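Just the one chain here, laid out as structure tokens, in the form deposited in one PDB entry.
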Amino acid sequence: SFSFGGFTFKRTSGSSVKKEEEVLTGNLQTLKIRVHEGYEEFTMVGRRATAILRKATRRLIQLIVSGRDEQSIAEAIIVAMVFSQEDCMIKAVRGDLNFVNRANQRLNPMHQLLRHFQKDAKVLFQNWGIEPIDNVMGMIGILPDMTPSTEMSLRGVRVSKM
């Protein structure tokens, strides 16, 4: 496995290769990130939430998440959205990120982006996108305001009961 944002990721299918790529934020800052290229499925296991994730290169395809309560589930969603490396997440950075503060000098850009959205995920959630759901029994959608919905959800994301 490996650990990212307090979650243990275990690949269950697929594969990927690593390459450095530049990306532009919503404030048109250029970040150099390690992009993982390939379709992969993962289990994400945290202390307070768990998820199954399917992703492709820079794209979240499916995230089904369960957890203790809304705060834990939200945190898993944020980690998954940042781990996806999706453009709408990079573009949700609307101000400059600080890479000079001594406390930030040992964060790689992936970790700078995680810390940014951990502080406040509102813009992330507001710009990710919603879709209609044909709600499956035992699951529910989740809206950008982190409230449940039987009718709509963040794109690709569903909440399961524990």
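Residue indices: 1-based, along the sequence shown. If you superpose the two forms and keep the largest set of C-alpha atoms that fall within 1.5 Å, you have the rigid core.
Trainee: Got a sec? Mean C-alpha B-factor, which is higher, 95 to 103 or 111 to 119?
Mentor: The deposited B-factors put 95 to 103 ahead on the C-alpha mean.
Trainee: Hey, which bit's got the bigger mean C-alpha B factor in the entry, 20 to 28 or 139 to 147?
Mentor: Here the higher of the two C-alpha B-factor means belongs to 139 to 147.
Trainee: From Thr57, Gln62, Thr50, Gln126, can you pick the one with the highest C-alpha B factor in the entry?
Mentor: Highest CA B-factor of the listed options: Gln126.
Trainee: Using only modelled residues of the chain, where does the Cα B factor of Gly46 rank: lowest third, middle third or highest third?
Mentor: As the PDB entry reports it, the C-alpha B-factor of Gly46 lands in the middle third of its chain.
Trainee: Taking the entry's C-alpha B-factors for this chain, is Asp69 in the lowest, middle or highest third?
Mentor: Lowest third.
Trainee: Just say lowest, middle or highest third for the CA B-factor of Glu40 relative to the other modelled residues in its chain.
Mentor: It falls in the bottom third of the chain.
The same protein also exists as the form deposited in another entry; that form is not shown, yet it is the one meant from here on.
Trainee: Which residue in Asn127, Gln62, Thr57, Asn104 stands out, with a C-alpha shift of 2 Å or more between this form and the one not shown when both forms are set on the rigid core?
Mentor: The displaced C-alpha is that of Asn104.
Trainee: Using the rigid core as the reference frame, would you say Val45 shifts its C-alpha by 2 Å or more between this form and the one not shown?
Mentor: No; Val45 is a residue whose C-alpha shifts by less than 2 Å between this form and the one not shown when the cores are overlaid.
Trainee: Are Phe99 and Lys119 closer or farther apart at the Cα level in the other form than shown, by 3 Å or more?
Mentor: Closer together, which means the C-alphas of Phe99 and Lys119 are at least 3 Å nearer in the other form.
Trainee: Compared with this form, is the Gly138-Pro132 Cα separation smaller or larger in the other form, the difference being 3 Å or more?
Mentor: Note: Cα gap between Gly138 and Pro132 shrinks in the other form.
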